[PDB]
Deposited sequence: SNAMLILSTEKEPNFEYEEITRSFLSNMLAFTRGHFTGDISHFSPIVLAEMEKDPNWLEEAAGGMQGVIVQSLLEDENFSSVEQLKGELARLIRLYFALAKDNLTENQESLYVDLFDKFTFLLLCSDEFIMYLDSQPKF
């Protein structure tokens, strides 16, 4: 499978969900606001007091390590800058503080990350499990 050289539409929903969770977990970690956390996620946090921080940082790490092999970024700091920007916009979005133009920027960046993760063999390996 290394020696067999290589759209992934079927992973789209799981990938948007991964991204949306990383965002929610990242914000909850910084705010302590756990208001629209799923009851299942709330129960995981009960057993383990580092669960949330570990989930958010684990998921960010997976995105960066995946996308460091994508031709679309030239430096590590461009990649992290783009992720940090998605995260920042999401914080503004959570409090209904985006202009229409910023909402465009947010959705465009969320879709770009979605698309580039679908193109990452390493990310697909990770989703498969």
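Undergrad: Which segments of the deposited sequence lack C-alpha coordinates in the modelled structure, numbering from residue 1?
TA: Holes in the chain trace, numbered from 1: 1-2, 9-12, 136-139.
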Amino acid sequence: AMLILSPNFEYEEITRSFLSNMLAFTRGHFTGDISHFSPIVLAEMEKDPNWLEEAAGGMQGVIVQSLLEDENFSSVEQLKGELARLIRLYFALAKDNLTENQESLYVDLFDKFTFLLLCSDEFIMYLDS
From here on, numbers count along this sequence of modelled residues.
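Undergrad: Please place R27 in the lowest, middle or highest third of its chain according to the CA B-factor in the PDB entry.
TA: Lowest third, going by the recorded CA B-factors of the chain.
Undergrad: Would you please rank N101 by its C-alpha temperature factor against the other modelled residues of its chain and give the third it falls in: lowest, middle or highest?
TA: Ranked within chain, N101 CA B lands in the lowest tercile.
Undergrad: State the tercile, meaning the lowest, middle or highest third, of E54 with respect to the CA B-factors recorded for its chain.
TA: Top third by C-alpha B-factor.
Undergrad: State the tercile, meaning the lowest, middle or highest third, of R88 with respect to the CA B-factors recorded for its chain.
TA: Its C-alpha B-factor belongs to the lowest third of this chain's values.
Undergrad: Could you say whether, by C-alpha temperature factor, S38 belongs to the lowest, middle or highest third of its chain?
TA: According to the entry, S38 has a C-alpha B-factor in the chain's middle third.
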